[PDB]
Structures are given as structure tokens and as C-alpha cells.
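Participant: Pasting the sequence and an experimental structure:
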Amino acid sequence: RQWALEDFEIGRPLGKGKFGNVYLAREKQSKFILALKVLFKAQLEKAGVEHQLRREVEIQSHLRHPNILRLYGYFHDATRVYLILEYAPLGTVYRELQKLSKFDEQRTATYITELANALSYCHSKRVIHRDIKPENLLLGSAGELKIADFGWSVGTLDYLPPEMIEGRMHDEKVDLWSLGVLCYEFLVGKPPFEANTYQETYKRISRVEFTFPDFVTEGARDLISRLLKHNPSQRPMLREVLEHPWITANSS
Ligand SMILES: Cc1cc(Cn2cc(-c3c(Cl)cnc4nc(-c5cn(C)nc5C)[nH]c34)cn2)no1
């Protein structure tokens, strides 16, 4: 289908930054509510990285999973490019983590399970999302977790694996790492490697240096230690993750 800007009525801005902005949009002749991520070619030619975007569009267009934000279609005028995305009713995991300060183990273990199912789906298609962080985690009408953008899929350091930040070439286990980083943050409120400088964060991720606050339970600490280790090969498969005792005992 061929789209134009004059097919959508533009509404409330949901998010800013990254040389583009998303507005809550309702299409006119069927009243469909969707999110319209609007990037500008001027700022994108200066970035000069349509490369992964055209791929990300292709990546996300035919990805059909209930825990992945569906991308409907693309179109553009001269100066800007529109990505027509599914609308997430309940917002981001980021702001909700911001408000609750921390998640109790049930909301956390549930969030992990949904991520794994979405990743096991992406891993079934040899897709690696790389940039998994709370900012691109969204919530559906039922409040289900939904993975968002794949612009950096096939910088900001905190969720990137040791092998990835150093130069050795990734594999799909880099999401197992990111999963481990997410689980920690959900329970603590902060990333395991969060630092004050890039050069310093880089070291902590490289030496794998993190410590558990005293309120994080034993079963929790176990799963995080298995996911967040230097050697990718001995990291669990998403199967082993879902069937983790602590995951099973708290997920729903
Ligand atoms: C460029 C660029 C990236 C972003 C990040 N961003 C994504 C959203 C977003 C998307 Cl893609 C889809 N559905 C959303 N629903 C919300 C939302 C709902 N509530 C109640 N509050 C918010 C926020 N955000 C969505 C927003 N930002 N922005 O520009």
C-alpha cells in the first residue's frame, strides 16, 4: 500500500530525540490508532546510516510475535521519513521502572519470560536485536512487554556485551547478556555496570564487575550470574532460561 502524510491526523508527541520524533496518530478513514515515528532525511543523511534502517524496516515488517511491536509500513515525502508503528497503550518499561523505583520478582520474572519468548522467536529467524534496553521496551493493552525498534539490529554502553564493545564479532548470545543486564536493573533499579564515564563503564563490562544489593534474593542472583559472564558459549539458551527455577517460581 502507498501512504501519504495526509492519511494521518497527527496528535500527542510520545517521545523525542535521536533526530526524529514519534506522535500518537489516528488514520482518518478507519480511525486506526498507531504510533508514527518521524525521522528526517536531512538529519539522517548527516548520520548517513539508512543502511540498517531499510534493513530494520524489512526486519520488523514481517516479524509476527505478540511481544514484538509490529511495524505496519513505511512511506516518505522529501525532507522526512515516516515509520508506521503499532501503538503501545501503557507506555514504556523505562518510565514505569522510573516510577515504581524497582520491580518485585513477579513483574520482573514475567517480563523476562516475555522477552525470552520474543527473542526465541527472533533467534529462530537468526535475528539479533543487539540494542535491548528498557527505553525500547513497551507495554500492550494487557500490559504485555513489547520489543520496539530494530534500527540497531541484524554508542550507549550499559547493555552491550564484553565481546561486542571490544571488537570480537557477536553472536545471538549477546541478547542473553542484555537479558541478564535487564533482569538486574528490574530488581535493583540500576544497571550492573552503570558508571559515570564511558571509559569507566567499558572497564566494568570488560572485567565483568558487579555486586548484588542485599535485598536481591538467592534464586535471582543465580540466574543473573549465569547470563552475565564473559564467555558467550557457556551462556544458557533461552530454553534453559525459561525453565530456570526462579523464573518458573515467579513468572505467570
Ligand atoms: C526517533 C524516536 C524514538 C522514540 C522512542 N519512542 C518510542 C515510543 C513509542 C512507540 Cl515507538 C510506540 N508506542 C508508544 N506508546 C508510547 C506511550 C504511551 N504512553 C501512555 N506514553 C508513552 C510515551 N510511546 C510509544 C515513544 N518514544 N521516539 O522518537
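Facilitator: Alright, I've got the coordinates. Numbering: from 1, shown residues only.

Participant: what about the residue of the stretch 151-252 of the chain found nearest the ligand, how many neighbours?
Facilitator: Relative to the ligand, the nearest point of the stretch 151-252 of the chain is residue 151 (8.3 Å; Cβ to the nearest ligand atom). Just so you know, the C-beta spots here come from the backbone N, C-alpha and C atoms, and that holds for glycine as well. By other Cβ atoms under 10 Å, the residues close to residue 151 number 22.

Participant: Can you classify the spatially closest residue to it that is not a sequence neighbour as helix, strand or coil?
Facilitator: Nearest residue to residue 151, sequence neighbours excluded (Cβ to Cβ, 6 or more residues apart in numbering): residue 56, at 5.0 Å. With DSSP: H, G, I helix; E, B strand; the rest coil as the basis, residue 56 sits in helix.

Participant: and this protein, which of its residues are near the ligand?
Facilitator: Contact residues (Cβ under 6 Å from any ligand atom) of the chain with the ligand: 14-15, 18, 20-22, 35, 37, 85, 87-88, 91-92, 138, 148.

Participant: give me that answer again for 8 Å
Facilitator: Taking Cβ under 8 Å from any ligand atom as the contact definition, the chain meets the ligand at 14-22, 24, 35, 37-39, 69, 85-92, 95, 135-136, 138-139, 148-149.

Participant: Sort out which of the residues you listed are buried, if you could.
Facilitator: Neighbour counting with 16 or more other Cβ atoms under 10 Å marks 14, 20-22, 35, 37-39, 69, 85-88, 92, 135-136, 138-139, 148-149 as buried within the residues of the chain next to the ligand.

Participant: for the stretch 101-250 of the chain, what spans make up the strands?
Facilitator: Using DSSP state E, counting those that start in this stretch, the strands of the stretch 101-250 of the chain run over 137-139, 145-147.

Participant: circling back: touching, the residue of the stretch 151-252 of the chain closest to the ligand and residue 51? I think so.
Facilitator: No. Counting by Cβ atoms under 8 Å, residue 151 does not reach residue 51; the two are 10.0 Å apart.

Participant: check contacts around the closest residue to the ligand within the stretch 1-150 of the chain.
Facilitator: As assessed by Cβ to the nearest ligand atom, the ligand sits closest to residue 15 within the stretch 1-150 of the chain, at 2.2 Å. Neighbouring residues of residue 15 by Cβ atoms under 8 Å, 6 or more residues apart in numbering: 21-22.
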